[PDB]
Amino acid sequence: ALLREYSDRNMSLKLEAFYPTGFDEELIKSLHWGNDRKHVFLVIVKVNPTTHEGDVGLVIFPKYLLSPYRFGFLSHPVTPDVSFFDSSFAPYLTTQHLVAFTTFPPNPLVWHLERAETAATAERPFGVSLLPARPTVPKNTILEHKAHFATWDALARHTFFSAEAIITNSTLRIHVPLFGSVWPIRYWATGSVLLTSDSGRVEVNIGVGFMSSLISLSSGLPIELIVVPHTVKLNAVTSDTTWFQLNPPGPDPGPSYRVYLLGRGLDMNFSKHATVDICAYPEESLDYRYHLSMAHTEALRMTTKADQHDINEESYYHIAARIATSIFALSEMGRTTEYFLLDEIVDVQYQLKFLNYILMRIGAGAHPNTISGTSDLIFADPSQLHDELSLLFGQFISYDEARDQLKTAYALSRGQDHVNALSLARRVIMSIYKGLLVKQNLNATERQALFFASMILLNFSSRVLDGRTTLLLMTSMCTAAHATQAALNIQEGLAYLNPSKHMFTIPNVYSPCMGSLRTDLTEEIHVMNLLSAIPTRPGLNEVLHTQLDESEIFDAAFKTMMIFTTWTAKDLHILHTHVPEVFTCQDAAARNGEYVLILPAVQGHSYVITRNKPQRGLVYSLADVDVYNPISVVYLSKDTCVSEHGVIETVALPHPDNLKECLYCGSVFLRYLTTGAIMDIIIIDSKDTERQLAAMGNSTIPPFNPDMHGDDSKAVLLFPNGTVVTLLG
């Protein structure tokens, strides 16, 4: 025990007096620093490099001074450590925090956030639960450890299992928060989620009464959202070393939890004050459906804004947080309620893919090829559930059952999809296809079936054909007629909305236009027609007019049509795989969006519609079209970079009954206008569609009928051969 204060003059030794208070230390030692004993020494050196002497000081102190001291909430608690010493010391010693930058706002008075309205209150200790109420466990039932389906009926009904996995199998883990800004946190981990891309990374660690979501952008500042039990206090690391307890920025603690926001943007850098907005997320509800509903909502919203910026900074953070806290909710809900449901465990699998995609691609701007994600949850064993379902498929259906069989099939896949799942997905598409040619709309059940059928077939020279043929089918299904309805759907759904009491889900508003390749829907001709179809939905009409300005209604209709162009077609990775032929040469037009429409043909080939002068491919220029808005149908080849012009020969249609053999099928009936507007892409799928093609207006299918249309309407038939033909009649 030695306290010794020295004064240095020139460098030989120093002039000092050493004062030991209560204990014996080697006194002659001071000629050499007190390394010998297990005790640590401290040396403060003040030297002005003018060669000026300054002064120094020393205290040798003992070793022990560095050593520290219904749902059960008292079993696995959240305990903050005092310092790095008994904890993970690596990131704290090695951080550039406080040296290069600071994770916290420089102004301490901006640290304390206000509590949001939607945040939990004494009367609502947890949050707001969504209306399709979580089914109560039947009184008699006993719950198995894990979740399993041994039968087909299991998916339709509710399947229950115990949340005990949370309390029994768990791991105590130390957590270093962002940039070592706060001392570590011991917690019992119920799960983790990782989402990565080119332009973004988000790490989500979740445990009993605990969540950490680390959110980072290549183009933006990182933030961490930490959730602790309200009774818990976190300690911020700061420059001034003598202040022992300071609270990292955040709002006041609530009934259930306390939330902390680490990272800058609180005082200034945020576009608005969303600080209190994002912090409120974990305290807004325990219903995972609630957060995901809000996620799907901002998803659609930002895809309309896709034009100006590849990256939406705010929306990225938001949808990230939402995704994260939903897993926090779900885990914490099960713990609190002692049980779980099968739908819940399956749903988060699909939600973790579909939302991450939109998060990284559209939100972060990253290349879709590099979008990946991983989840590890103790109450979830997806790979076991996969094998269970794999053996289920391996041993007539209504759209409802199909929607459920496909959803769970998409939710659990490692990339291995059961053959009969695909077979079901195909049949769903085609059945919707034959439906949509006679009728211009789809009910919410139909859309959900289409959605999952698509995601299954585009999931992964066999599977390649599925990608091409579905993109073909999606494109055909999307007509001028349907697009106006489909956009009205998205608009109506967003118009009448209840974040508080109801779920919003994208598959409920879906349509083939979201899965097609068409960039022409934002063209004035269509957007204008959309506006004129608004009063046909009087409720939606009144909502729009009583808030949005007449000018803004156009923007609205433009912005919703945008979704159909940007959802699939704008993704290059989807194109590059299923239509490499478009990209084969020095071709710019693909990425310059000069290709308005893309029509996959026999392998190695696809048609194209371009407004400009085509620099490649076999070119059919329709000459009846207005010159200022030209339509050039172009047949592209993978191995052929040559540029030529074809002749459109004309043929006539036989009598519908005349041939039981089908020489027509596989072609595409394209209906356009002399104004340069592309309307209907309809494929001839079956011998019956062919019969309806030969019809004069005795055809059920309207684009095949030159009556409901008008003089401007013209039509052309595209063979997969590359042969383009005019029909007589």
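In case it trips you up, residue 1 is the first one in the sequence shown, and so on.
I'd like the number of residues from the deposited sequence that lie between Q395 and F396 yet are not in the model, binned as none, 1 to 3, 4 to 9, or 10 or more. Per the record, 4 to 9 deposited residues are absent between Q395 and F396.
Unmodelled deposited residues flanked by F460 on one side and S461 on the other: Gap between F460 and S461: 4 to 9 unmodelled residues.
Which is higher on average in the deposited entry, the C-alpha temperature factors of 448 to 456 or of 258 to 266? Result: 258 to 266.
Stretch with the higher entry mean CA B-factor, where the candidates are 12 to 20 and 717 to 725: Comparing 12 to 20 with 717 to 725, the higher average CA B-factor belongs to 12 to 20.
Return the residue from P68, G666, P703, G676 that has the highest Cα B-factor in the entry. Of the candidates given, the C-alpha B-factor peaks at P68.
Of the options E401, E644, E542, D310, which has the highest CA B factor as deposited? Comparing C-alpha B-factors across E401, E644, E542, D310, the top value belongs to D310.
Can you tell me which third, lowest, middle or highest, the CA B-factor of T536 falls into for its chain? Bottom third by C-alpha B-factor.
Within-chain third of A695 by Cα B-factor, per the entry: Top third by C-alpha B-factor.
Lowest, middle or highest third of the chain for the C-alpha temperature factor of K272? For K272, the deposited C-alpha B-factor lands in the highest third.
For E284, does the deposited CA B-factor place it in the lowest, middle or highest third of the chain? As the PDB entry reports it, the C-alpha B-factor of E284 lands in the lowest third of its chain.
Going by the recorded CA B-factors, say which third of the chain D657 sits in, lowest, middle or highest. Highest third - that is where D657 ends up once the chain's C-alpha B-factors are sorted.
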